[PDB]
Structure formats: C-alpha cells, structure tokens
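Just below is one structure, and these are the notes that go with it.
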Protein chains: 2
Amino acid sequence: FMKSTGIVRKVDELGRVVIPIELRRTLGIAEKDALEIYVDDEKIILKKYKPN
Amino acid sequence: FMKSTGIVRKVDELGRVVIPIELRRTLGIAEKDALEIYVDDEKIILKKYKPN
C-alpha cells in the first residue's frame with residue numbers, strides 16, 4: 001500500500017545524504033531551516049522541524 | 001505517535017542532512033556505500049541499499 005520513490009544516492013565522506021530537489025520543494029525545506037531526525041527499525045525518518 | 005531520537009540538524013546549501021556517527025556505525029554505513037531513499041507521508045525513510 002505504501003509506495004517508495006526507490007532512488008539511491010552515494011554516501012560522501014561525512015556520511016550525509018541529499019534530498020532530491022523535488023522533495024525540497026514539496027517538503028517546504030530551504031537552507032538554514034531545521035530538520036528533525038527519527039530512528040525506527042534500522043531506518044532513518046526525517047521530517048520538517050517545528051519546535052513548539 | 002512513535003518514539004524517535006528527536007535530534008535536529010541544520011540544512012546546508014544543497015538541502016542535505018547528516019546522520020549522527022552513532023547511526024553510521026549501527027547502520028553499517030561507510031563512505032562510497034550506497035543508500036536507498038524512500039518517500040512516505042511527507043517523511044523521508046533512508047535505509048542501507050543492497051544491489052539487485
């Protein structure tokens with residue numbers, strides 16, 4: 001039922017990954033914005049960060 | 001509602017995020033390794049990539 005884009009990127013020296021520009025726009029994320037990171041089932045879940 | 005590390009990082013110019021070294025080791029990920037990226041519910045799920 002859940003579909004995944006299935007896109008892979010190479011890991012750079014620091015172990016960082018890049019979001020495709022298509023997701024930068026749809027996720028409303030821009031430079032200097034804050035991301036929050038989750039950990040579940042050996043998978044990493046990243047979402048926009050809106051502190052309350 | 002799910003439990004997560006709750007750690008946030010700043011977005012750099014290209015819109016990239018960094019995995020904490022604690023997750024680099026636990027996830028078995030190193031430079032030049034391949035990551036596969038998922039998209040669900042406006043959240044990004046990244047997992048180790050096994051070539052097929």
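If you're wondering about the labels, chains in the structure tokens are A, B, ... by order shown, residues count from 1 in each chain, ligands from 1 in order shown.
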Could you write out, as a PyMOL selection string, all the residues of chain A that DSSP marks as helix (DSSP H, G or I)?
-> chain A and resi 21-26
Tell me which protein, DNA and RNA residues are within 10 Å of residue A:29, counting only C-alpha atoms, leaving out same-chain ones fewer than 4 positions away, and put them as a VMD selection string.
-> (chain A and resid 19 21 23 to 25 33 to 35 47 to 49) or (chain B and resid 11 15)
Which residue, A:41, A:46, A:1, A:51, has the smallest gap to chain B when you use only C-alpha atoms?
->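 When distances to chain B are compared using only C-alpha atoms, the smallest one comes from A:46.
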With 7 Å as the cut-off and only C-alpha atoms counted, what is the closest atom pair between each nearby residue of chain A and chain B? Distances in Å to one decimal, ordered by chain and number, as JSON lines.
{"residue": "A:2", "atom": "CA", "partner": "B:40", "partner_atom": "CA", "distance": 6.9}
{"residue": "A:4", "atom": "CA", "partner": "B:38", "partner_atom": "CA", "distance": 4.7}
{"residue": "A:5", "atom": "CA", "partner": "B:38", "partner_atom": "CA", "distance": 5.5}
{"residue": "A:6", "atom": "CA", "partner": "B:38", "partner_atom": "CA", "distance": 5.9}
{"residue": "A:7", "atom": "CA", "partner": "B:37", "partner_atom": "CA", "distance": 5.3}
{"residue": "A:8", "atom": "CA", "partner": "B:36", "partner_atom": "CA", "distance": 4.1}
{"residue": "A:9", "atom": "CA", "partner": "B:35", "partner_atom": "CA", "distance": 5.6}
{"residue": "A:10", "atom": "CA", "partner": "B:34", "partner_atom": "CA", "distance": 4.9}
{"residue": "A:11", "atom": "CA", "partner": "B:31", "partner_atom": "CA", "distance": 5.2}
{"residue": "A:12", "atom": "CA", "partner": "B:31", "partner_atom": "CA", "distance": 5.4}
{"residue": "A:13", "atom": "CA", "partner": "B:31", "partner_atom": "CA", "distance": 5.2}
{"residue": "A:15", "atom": "CA", "partner": "B:31", "partner_atom": "CA", "distance": 6.1}
{"residue": "A:16", "atom": "CA", "partner": "B:18", "partner_atom": "CA", "distance": 4.3}
{"residue": "A:17", "atom": "CA", "partner": "B:16", "partner_atom": "CA", "distance": 5.7}
{"residue": "A:18", "atom": "CA", "partner": "B:16", "partner_atom": "CA", "distance": 4.2}
{"residue": "A:19", "atom": "CA", "partner": "B:16", "partner_atom": "CA", "distance": 6.0}
{"residue": "A:24", "atom": "CA", "partner": "B:15", "partner_atom": "CA", "distance": 7.0}
{"residue": "A:27", "atom": "CA", "partner": "B:42", "partner_atom": "CA", "distance": 6.6}
{"residue": "A:30", "atom": "CA", "partner": "B:15", "partner_atom": "CA", "distance": 6.6}
{"residue": "A:31", "atom": "CA", "partner": "B:11", "partner_atom": "CA", "distance": 5.1}
{"residue": "A:32", "atom": "CA", "partner": "B:11", "partner_atom": "CA", "distance": 5.3}
{"residue": "A:33", "atom": "CA", "partner": "B:11", "partner_atom": "CA", "distance": 5.7}
{"residue": "A:34", "atom": "CA", "partner": "B:10", "partner_atom": "CA", "distance": 4.8}
{"residue": "A:35", "atom": "CA", "partner": "B:8", "partner_atom": "CA", "distance": 5.2}
{"residue": "A:36", "atom": "CA", "partner": "B:8", "partner_atom": "CA", "distance": 4.0}
{"residue": "A:37", "atom": "CA", "partner": "B:7", "partner_atom": "CA", "distance": 5.3}
{"residue": "A:38", "atom": "CA", "partner": "B:4", "partner_atom": "CA", "distance": 4.6}
{"residue": "A:39", "atom": "CA", "partner": "B:4", "partner_atom": "CA", "distance": 5.2}
{"residue": "A:40", "atom": "CA", "partner": "B:4", "partner_atom": "CA", "distance": 6.8}
{"residue": "A:42", "atom": "CA", "partner": "B:27", "partner_atom": "CA", "distance": 6.6}
{"residue": "A:43", "atom": "CA", "partner": "B:47", "partner_atom": "CA", "distance": 5.2}
{"residue": "A:44", "atom": "CA", "partner": "B:46", "partner_atom": "CA", "distance": 5.3}
{"residue": "A:45", "atom": "CA", "partner": "B:45", "partner_atom": "CA", "distance": 4.7}
{"residue": "A:46", "atom": "CA", "partner": "B:44", "partner_atom": "CA", "distance": 5.3}
{"residue": "A:47", "atom": "CA", "partner": "B:43", "partner_atom": "CA", "distance": 5.2}
Emit the selected residues as a short mmCIF file (atom, residue, chain, number, x, y, z; two decimals), in the first residue's frame, including N, CA, C and O atoms.
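Produced file result07.cif, reproduced below:
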data_model
loop_
_atom_site.label_atom_id
_atom_site.label_comp_id
_atom_site.auth_asym_id
_atom_site.auth_seq_id
_atom_site.Cartn_x
_atom_site.Cartn_y
_atom_site.Cartn_z
N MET A 2 1.99 1.22 0.68
CA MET A 2 2.89 2.41 0.71
C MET A 2 3.89 2.34 -0.45
O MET A 2 4.58 1.36 -0.63
N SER A 4 7.29 3.70 -2.55
CA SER A 4 8.56 4.43 -2.28
C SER A 4 9.19 4.89 -3.61
O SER A 4 9.07 4.22 -4.62
N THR A 5 9.83 6.03 -3.61
CA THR A 5 10.43 6.53 -4.88
C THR A 5 11.51 5.56 -5.37
O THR A 5 11.67 5.35 -6.56
N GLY A 6 12.22 4.94 -4.47
CA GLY A 6 13.25 3.95 -4.89
C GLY A 6 14.43 4.68 -5.54
O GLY A 6 14.92 4.29 -6.58
N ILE A 7 14.91 5.73 -4.93
CA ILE A 7 16.07 6.47 -5.51
C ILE A 7 17.28 6.36 -4.59
O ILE A 7 17.16 6.45 -3.39
N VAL A 8 18.43 6.08 -5.13
CA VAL A 8 19.62 5.85 -4.25
C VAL A 8 20.70 6.91 -4.51
O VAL A 8 20.93 7.31 -5.63
N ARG A 9 21.39 7.31 -3.48
CA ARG A 9 22.50 8.30 -3.65
C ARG A 9 23.77 7.76 -2.99
O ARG A 9 23.71 6.88 -2.15
N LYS A 10 24.91 8.25 -3.37
CA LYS A 10 26.18 7.73 -2.78
C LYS A 10 26.50 8.46 -1.48
O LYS A 10 26.19 9.63 -1.31
N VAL A 11 27.12 7.79 -0.54
CA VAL A 11 27.46 8.44 0.75
C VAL A 11 28.77 9.21 0.62
O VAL A 11 29.77 8.68 0.18
N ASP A 12 28.79 10.45 1.01
CA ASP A 12 30.06 11.23 0.91
C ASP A 12 30.93 10.99 2.15
O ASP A 12 30.67 10.10 2.94
N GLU A 13 32.03 11.67 2.26
CA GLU A 13 33.00 11.38 3.36
C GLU A 13 32.32 11.43 4.74
O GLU A 13 32.67 10.68 5.63
N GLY A 15 29.26 10.90 5.57
CA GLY A 15 28.07 10.01 5.77
C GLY A 15 26.79 10.85 5.69
O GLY A 15 25.92 10.77 6.53
N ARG A 16 26.69 11.69 4.70
CA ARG A 16 25.49 12.56 4.58
C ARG A 16 24.69 12.20 3.32
O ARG A 16 25.23 11.67 2.37
N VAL A 17 23.42 12.46 3.32
CA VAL A 17 22.58 12.11 2.14
C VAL A 17 21.86 13.36 1.63
O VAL A 17 21.66 14.31 2.35
N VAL A 18 21.55 13.40 0.36
CA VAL A 18 20.93 14.63 -0.21
C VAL A 18 19.47 14.37 -0.59
O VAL A 18 19.16 13.41 -1.28
N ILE A 19 18.59 15.26 -0.25
CA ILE A 19 17.18 15.13 -0.69
C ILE A 19 17.04 15.68 -2.12
O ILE A 19 17.51 16.75 -2.41
N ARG A 24 12.67 18.74 -1.83
CA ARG A 24 12.95 20.04 -1.15
C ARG A 24 11.73 20.95 -1.30
O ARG A 24 11.33 21.63 -0.38
N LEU A 27 8.45 19.39 0.42
CA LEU A 27 8.56 19.32 1.91
C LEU A 27 8.66 20.72 2.51
O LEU A 27 8.65 20.89 3.71
N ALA A 30 14.22 24.62 3.15
CA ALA A 30 15.18 25.55 2.49
C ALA A 30 16.45 25.67 3.33
O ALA A 30 16.50 25.24 4.47
N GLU A 31 17.49 26.24 2.78
CA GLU A 31 18.76 26.37 3.55
C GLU A 31 18.50 27.06 4.90
O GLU A 31 17.69 27.95 5.00
N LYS A 32 19.24 26.67 5.91
CA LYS A 32 19.12 27.33 7.25
C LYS A 32 17.84 26.88 7.97
O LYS A 32 17.65 27.15 9.14
N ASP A 33 17.01 26.11 7.33
CA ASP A 33 15.82 25.55 8.03
C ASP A 33 16.23 24.39 8.94
O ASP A 33 17.35 23.91 8.86
N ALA A 34 15.38 23.99 9.84
CA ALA A 34 15.77 22.92 10.80
C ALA A 34 15.09 21.59 10.45
O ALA A 34 13.89 21.52 10.28
N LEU A 35 15.84 20.52 10.42
CA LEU A 35 15.23 19.18 10.18
C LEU A 35 15.27 18.36 11.47
O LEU A 35 16.27 18.35 12.16
N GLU A 36 14.26 17.59 11.74
CA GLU A 36 14.34 16.67 12.91
C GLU A 36 14.50 15.22 12.43
O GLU A 36 13.99 14.85 11.39
N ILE A 37 15.32 14.47 13.10
CA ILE A 37 15.65 13.10 12.60
C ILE A 37 15.09 12.03 13.54
O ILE A 37 15.17 12.14 14.75
N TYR A 38 14.52 11.01 12.97
CA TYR A 38 13.92 9.90 13.78
C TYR A 38 14.71 8.61 13.55
O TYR A 38 15.28 8.40 12.50
N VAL A 39 14.62 7.68 14.46
CA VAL A 39 15.22 6.34 14.20
C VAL A 39 14.22 5.23 14.50
O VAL A 39 13.75 5.09 15.62
N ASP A 40 13.92 4.40 13.54
CA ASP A 40 12.99 3.26 13.78
C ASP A 40 13.38 2.07 12.91
O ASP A 40 13.67 2.21 11.74
N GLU A 42 15.88 0.32 12.28
CA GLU A 42 17.14 0.46 11.48
C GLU A 42 16.93 1.37 10.28
O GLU A 42 17.77 1.47 9.41
N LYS A 43 15.84 2.10 10.26
CA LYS A 43 15.62 3.08 9.16
C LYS A 43 15.57 4.50 9.72
O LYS A 43 15.13 4.72 10.83
N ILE A 44 16.02 5.46 8.97
CA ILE A 44 16.01 6.86 9.48
C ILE A 44 14.81 7.62 8.89
O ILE A 44 14.63 7.67 7.69
N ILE A 45 14.03 8.25 9.73
CA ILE A 45 12.88 9.05 9.22
C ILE A 45 13.12 10.54 9.46
O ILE A 45 13.26 10.98 10.58
N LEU A 46 13.19 11.32 8.41
CA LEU A 46 13.43 12.78 8.59
C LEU A 46 12.16 13.57 8.29
O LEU A 46 11.47 13.31 7.32
N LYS A 47 11.85 14.54 9.11
CA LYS A 47 10.63 15.36 8.86
C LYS A 47 10.94 16.84 9.13
O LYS A 47 11.88 17.17 9.83
#
